[PDB]
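First comes the structure, then the notes that go with it.
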Amino acid sequence: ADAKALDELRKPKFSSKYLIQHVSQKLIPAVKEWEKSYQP
Amino acid sequence: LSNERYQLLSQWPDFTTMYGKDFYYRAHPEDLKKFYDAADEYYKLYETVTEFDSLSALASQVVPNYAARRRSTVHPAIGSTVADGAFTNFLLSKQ
Amino acid sequence: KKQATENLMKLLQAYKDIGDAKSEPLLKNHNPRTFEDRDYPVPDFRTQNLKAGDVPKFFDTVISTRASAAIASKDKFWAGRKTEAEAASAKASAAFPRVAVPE
Amino acid sequence: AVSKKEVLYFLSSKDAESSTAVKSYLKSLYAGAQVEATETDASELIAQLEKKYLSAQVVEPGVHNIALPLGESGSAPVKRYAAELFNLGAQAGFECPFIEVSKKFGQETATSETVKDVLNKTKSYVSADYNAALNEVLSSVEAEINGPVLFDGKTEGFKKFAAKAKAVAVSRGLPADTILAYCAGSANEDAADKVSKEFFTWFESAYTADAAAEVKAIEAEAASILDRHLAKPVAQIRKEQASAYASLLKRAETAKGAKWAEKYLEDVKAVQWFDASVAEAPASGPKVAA
């Protein structure tokens, strides 16, 4: 209810950080399957 | 910034001192339409400069373009003057 | 806009000064009856060759021409009153109180 | 949870939501959990792509924690703002901006034999006001040789270009003799001390003028956003903003199950806590647990 914390209240709110994480969770595991399967 | 605009609405002349009917009937009928339109205009300007609850959504139109310039692939604090002065270290050294 | 409102308030002061200098009535110049010519030569319908239903339409266009010439004579008053006050709002004072807003 | 390469990146980080993911990870390792073995894999192109996307998860909450010095007088608010972004570079795994942009030059031009191809592959990182002043001087030294000026250094045709480009670099205002004498060094530590004090006098006047040019563009953007908004009637403003707020909520409610949309709507509930905790005691502010 009232009186959250300090370390809960120090977070910047509408930063990205989780689009950057969601992209890197779908780009890094999708590009390791590109260099393991690569011949020109 | 919204204070610097409010401070010049503080210097607006009191048009309501000319609302009496000894100014209504001495005045040209088209210069009284303009006077009553310039009084309705001040209430348009004053009721939007004191809409301070709209300043928080205006700050979110500045944030995302700024935050993408800080997601630089070089450095968050990079700029032209540093990257120009670090070109002469790259160019005026050997290859 | 602040200078337009100071120009309009100086004009509306110049209208009030040169009206109160002439001591004129308030509703006189806004009434278009006062610019109407009652000594107009008043055309006779018996010399205009009207047929049976044509006389009330003759009376309407003698009236509406004489009301339009009184309105257009009121406009020529106020267009001349304007330049009399536009030339005294120029040489004016502009010491107006300001709108009370909270500090 | 974190993927154990994020948590190695969040150790020197100092934002809140990354330290509480570290602190609950270190509390798990106190209760006898095994630290998972970090990957000795992910070849040179994938390693530079994980470093690109893990530094940007340290930079993104850190940029939102740095107050811009908008409408301030003096150099020290702009020097504080620049120093907080320097420290955000070091926390996210970047080096000095001098050492990180010159690495960008030598990587984009690893295959350059002529300096005209240097001046076209380092185009994105050098100012076009300075890229043009190095292209006009290039075509004069191209006129004296009538052969392409080489990126060799041993060539005398480059040595007359490098003495003409040094005349350009002092014309911009940057001491090309001081910059070169820093990244080359000297033998004794006493004569290298005076050139480092003269490089860092340029460098601090350099990065202040990039931070101050960034502040003067946010000040100019916000002043034109406001003056466009102050020209609206107040009924238009409230529904232009309620349309933009509701469309942006619905984009986070369309996205189900995503971590970003779950955290987006959880921060909308934390803004509404902030507005409600202030309403209970406005001379006290928000109530923190103490």
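By order of appearance in the structure tokens: chains A, B, ..., then residues from 1 within every chain, and ligands from 1 in the order shown.
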With 12 Å as the limit and counting only C-alpha atoms, what residues in chain B lie close to chain A? Please list them as a PyMOL selection string.
chain B and resi 60+63-64+66-68+71
Compute the chain B side of the contact with chain C at 10 Å, counting only C-alpha atoms, and hand it back as a PyMOL selection string.
chain B and resi 6-18+21-32+34-39+41-42+46
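Of note, CA of residue 22 (chain C) and CA of residue 34 (chain C) are spaced 16.3 Å apart.
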Hey, list the chain D side of the contact with chain B: 6 Å cut-off, only C-alpha atoms, answer as a list in words.
residues 85, 97, 101, 126, 127, 151, 152, 153, 162, 180, 206, 210 and 234 of chain D
Just C-alpha atoms for this one: save the residues we selected as a compact mmCIF listing (two decimals), in the first residue's frame.
# COMPACT_ATOMS: atom_id res chain seq x y z
CA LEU D 85 27.43 10.43 -19.12
CA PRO D 97 34.99 8.78 -25.82
CA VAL D 101 35.55 6.94 -31.40
CA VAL D 126 33.15 13.38 -38.50
CA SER D 127 31.29 16.67 -38.80
CA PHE D 151 46.95 6.52 -46.52
CA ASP D 152 50.57 5.57 -45.97
CA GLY D 153 52.36 8.16 -43.84
CA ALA D 162 49.04 16.24 -43.25
CA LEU D 180 48.93 14.18 -31.40
CA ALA D 206 35.57 19.73 -26.09
CA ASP D 210 29.10 18.72 -27.05
CA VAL D 234 -7.26 24.39 -23.86
May I have a table of the residues of region 3-90 of chain D lying at most 9 Å from region 19-29 of chain A, giving each one's closest pair of atoms and their distance in Å to one decimal, counting only C-alpha atoms, ordered by chain and ascending residue number, as CSV?
residue,atom,partner,partner_atom,distance
D:46,CA,A:28,CA,7.4
D:49,CA,A:28,CA,7.6
D:50,CA,A:28,CA,7.0
D:53,CA,A:24,CA,6.1
D:54,CA,A:21,CA,7.9
D:56,CA,A:20,CA,6.9
D:57,CA,A:20,CA,6.3
D:60,CA,A:20,CA,8.6
What is the distance between CA of residue 143 (chain D) and CA of residue 177 (chain D), in Å to one decimal?
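If I compute the distance from CA of residue 143 (chain D) to CA of residue 177 (chain D), I get 25.9 Å.
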Need the shell around residue 194 (chain D): protein/DNA/RNA residues with any atom at most 12 Å away, counting only C-alpha atoms. Skip same-chain ones fewer than 6 positions apart. Format as a ChimeraX atom specification?
/D:178,181-182,185-186,188,200-201
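Counting from CA of residue 59 (chain C), the distance to CA of residue 45 (chain C) is 8.2 Å.
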Write down, as a ChimeraX atom specification, each residue of chain D that has any atom within 10 Å of an atom of chain A, counting only C-alpha atoms.
/D:3,6,15-20,42-43,45-47,49-50,52-66,258-268,270-271,273-274,276-277,280,286-290
Take the residues just selected and output them with C-alpha atoms as a PDB file, in the first residue's frame.
ATOM      1  CA  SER D   3      20.726 -14.622 -18.146  1.00  0.00           C
ATOM      2  CA  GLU D   6      23.327  -9.453 -17.981  1.00  0.00           C
ATOM      3  CA  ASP D  15      20.663   2.035 -11.443  1.00  0.00           C
ATOM      4  CA  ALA D  16      17.930   0.670  -9.245  1.00  0.00           C
ATOM      5  CA  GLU D  17      16.240  -2.102 -11.216  1.00  0.00           C
ATOM      6  CA  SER D  18      19.596  -3.551 -12.232  1.00  0.00           C
ATOM      7  CA  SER D  19      21.065  -3.506  -8.734  1.00  0.00           C
ATOM      8  CA  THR D  20      18.010  -5.245  -7.279  1.00  0.00           C
ATOM      9  CA  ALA D  42      29.989 -16.634 -29.254  1.00  0.00           C
ATOM     10  CA  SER D  43      32.509 -15.682 -31.945  1.00  0.00           C
ATOM     11  CA  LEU D  45      30.737 -10.931 -34.548  1.00  0.00           C
ATOM     12  CA  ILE D  46      28.255 -12.280 -31.991  1.00  0.00           C
ATOM     13  CA  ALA D  47      30.368 -11.049 -29.099  1.00  0.00           C
ATOM     14  CA  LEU D  49      26.513  -7.755 -30.817  1.00  0.00           C
ATOM     15  CA  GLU D  50      25.887  -8.904 -27.255  1.00  0.00           C
ATOM     16  CA  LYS D  52      26.042  -3.711 -28.156  1.00  0.00           C
ATOM     17  CA  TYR D  53      22.766  -4.839 -26.622  1.00  0.00           C
ATOM     18  CA  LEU D  54      23.929  -5.282 -23.054  1.00  0.00           C
ATOM     19  CA  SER D  55      25.561  -1.882 -22.890  1.00  0.00           C
ATOM     20  CA  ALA D  56      22.313  -0.381 -24.107  1.00  0.00           C
ATOM     21  CA  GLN D  57      20.486  -1.927 -21.161  1.00  0.00           C
ATOM     22  CA  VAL D  58      22.873  -0.136 -18.829  1.00  0.00           C
ATOM     23  CA  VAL D  59      22.770   3.109 -20.795  1.00  0.00           C
ATOM     24  CA  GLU D  60      18.983   3.248 -21.094  1.00  0.00           C
ATOM     25  CA  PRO D  61      18.032   3.404 -17.395  1.00  0.00           C
ATOM     26  CA  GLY D  62      21.109   5.495 -16.780  1.00  0.00           C
ATOM     27  CA  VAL D  63      20.201   8.178 -19.292  1.00  0.00           C
ATOM     28  CA  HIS D  64      16.789   8.551 -17.696  1.00  0.00           C
ATOM     29  CA  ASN D  65      18.509   9.077 -14.346  1.00  0.00           C
ATOM     30  CA  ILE D  66      20.626  11.997 -15.522  1.00  0.00           C
ATOM     31  CA  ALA D 258       5.765  -9.288 -23.284  1.00  0.00           C
ATOM     32  CA  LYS D 259       8.132  -8.229 -20.539  1.00  0.00           C
ATOM     33  CA  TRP D 260       8.204  -4.637 -21.718  1.00  0.00           C
ATOM     34  CA  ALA D 261       4.435  -4.269 -21.772  1.00  0.00           C
ATOM     35  CA  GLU D 262       4.137  -5.917 -18.385  1.00  0.00           C
ATOM     36  CA  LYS D 263       6.646  -3.393 -17.041  1.00  0.00           C
ATOM     37  CA  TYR D 264       5.018  -0.512 -18.928  1.00  0.00           C
ATOM     38  CA  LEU D 265       1.641  -0.979 -17.252  1.00  0.00           C
ATOM     39  CA  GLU D 266       3.346  -1.650 -13.936  1.00  0.00           C
ATOM     40  CA  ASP D 267       4.962   1.784 -14.143  1.00  0.00           C
ATOM     41  CA  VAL D 268       1.598   3.349 -14.945  1.00  0.00           C
ATOM     42  CA  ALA D 270       3.528   3.404 -10.001  1.00  0.00           C
ATOM     43  CA  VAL D 271       2.851   6.860 -11.386  1.00  0.00           C
ATOM     44  CA  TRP D 273       0.872   5.640  -6.641  1.00  0.00           C
ATOM     45  CA  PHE D 274       3.013   8.782  -6.853  1.00  0.00           C
ATOM     46  CA  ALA D 276      -1.889   9.343  -4.711  1.00  0.00           C
ATOM     47  CA  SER D 277       0.927   9.391  -2.173  1.00  0.00           C
ATOM     48  CA  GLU D 280      -2.198  12.323   1.221  1.00  0.00           C
ATOM     49  CA  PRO D 286       5.696  10.832  -1.652  1.00  0.00           C
ATOM     50  CA  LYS D 287       5.868   8.494   1.308  1.00  0.00           C
ATOM     51  CA  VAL D 288       8.948   6.269   1.195  1.00  0.00           C
ATOM     52  CA  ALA D 289       9.350   3.222   3.385  1.00  0.00           C
ATOM     53  CA  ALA D 290      11.744   4.336   6.094  1.00  0.00           C
TER      54      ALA D 290
END
If you run DSSP on the backbone, which residues of region 14-91 of chain C are helix (DSSP H, G or I), as a ChimeraX atom specification?
/C:14-20,45-47,52-86
Nearby residues (only C-alpha atoms) at most 10 Å from residue 113 (chain D), same-chain spacing under 3 positions excluded, as a PDB file with N, CA, C and O atoms, in the first residue's frame:
ATOM      1  N   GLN B  95      48.874   6.250 -41.198  1.00  0.00           N
ATOM      2  CA  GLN B  95      47.802   5.330 -41.617  1.00  0.00           C
ATOM      3  C   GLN B  95      46.809   4.911 -40.534  1.00  0.00           C
ATOM      4  O   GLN B  95      46.439   5.713 -39.676  1.00  0.00           O
TER       5      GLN B  95
ATOM      6  N   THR D 109      37.848   1.913 -41.432  1.00  0.00           N
ATOM      7  CA  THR D 109      38.863   2.132 -42.454  1.00  0.00           C
ATOM      8  C   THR D 109      40.035   1.193 -42.255  1.00  0.00           C
ATOM      9  O   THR D 109      41.196   1.604 -42.241  1.00  0.00           O
ATOM     10  N   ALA D 110      39.752  -0.091 -42.057  1.00  0.00           N
ATOM     11  CA  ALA D 110      40.840  -1.053 -41.954  1.00  0.00           C
ATOM     12  C   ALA D 110      41.445  -1.355 -43.318  1.00  0.00           C
ATOM     13  O   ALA D 110      42.596  -1.795 -43.404  1.00  0.00           O
ATOM     14  N   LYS D 116      41.092   9.597 -49.586  1.00  0.00           N
ATOM     15  CA  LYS D 116      39.762   9.970 -50.043  1.00  0.00           C
ATOM     16  C   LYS D 116      38.756   8.895 -49.671  1.00  0.00           C
ATOM     17  O   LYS D 116      37.569   9.186 -49.510  1.00  0.00           O
ATOM     18  N   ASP D 117      39.206   7.655 -49.521  1.00  0.00           N
ATOM     19  CA  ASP D 117      38.302   6.609 -49.067  1.00  0.00           C
ATOM     20  C   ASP D 117      38.233   6.558 -47.546  1.00  0.00           C
ATOM     21  O   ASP D 117      37.260   6.038 -46.988  1.00  0.00           O
ATOM     22  N   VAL D 118      39.248   7.089 -46.860  1.00  0.00           N
ATOM     23  CA  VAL D 118      39.117   7.362 -45.433  1.00  0.00           C
ATOM     24  C   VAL D 118      38.041   8.407 -45.198  1.00  0.00           C
ATOM     25  O   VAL D 118      37.120   8.204 -44.400  1.00  0.00           O
ATOM     26  N   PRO D 148      46.235   9.879 -56.525  1.00  0.00           N
ATOM     27  CA  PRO D 148      45.453   9.815 -55.281  1.00  0.00           C
ATOM     28  C   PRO D 148      46.354   9.819 -54.057  1.00  0.00           C
ATOM     29  O   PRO D 148      47.345   9.090 -53.998  1.00  0.00           O
ATOM     30  N   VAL D 149      46.023  10.683 -53.095  1.00  0.00           N
ATOM     31  CA  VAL D 149      46.845  10.823 -51.899  1.00  0.00           C
ATOM     32  C   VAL D 149      46.655   9.579 -51.051  1.00  0.00           C
ATOM     33  O   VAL D 149      45.523   9.163 -50.784  1.00  0.00           O
ATOM     34  N   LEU D 150      47.757   8.956 -50.666  1.00  0.00           N
ATOM     35  CA  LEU D 150      47.687   7.640 -50.063  1.00  0.00           C
ATOM     36  C   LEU D 150      47.618   7.715 -48.546  1.00  0.00           C
ATOM     37  O   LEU D 150      48.104   8.655 -47.912  1.00  0.00           O
ATOM     38  N   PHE D 151      47.017   6.681 -47.970  1.00  0.00           N
ATOM     39  CA  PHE D 151      46.953   6.517 -46.525  1.00  0.00           C
ATOM     40  C   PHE D 151      48.142   5.665 -46.091  1.00  0.00           C
ATOM     41  O   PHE D 151      48.022   4.505 -45.697  1.00  0.00           O
ATOM     42  N   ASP D 152      49.319   6.269 -46.204  1.00  0.00           N
ATOM     43  CA  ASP D 152      50.574   5.571 -45.974  1.00  0.00           C
ATOM     44  C   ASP D 152      51.412   6.202 -44.876  1.00  0.00           C
ATOM     45  O   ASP D 152      51.967   5.480 -44.044  1.00  0.00           O
TER      46      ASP D 152
END
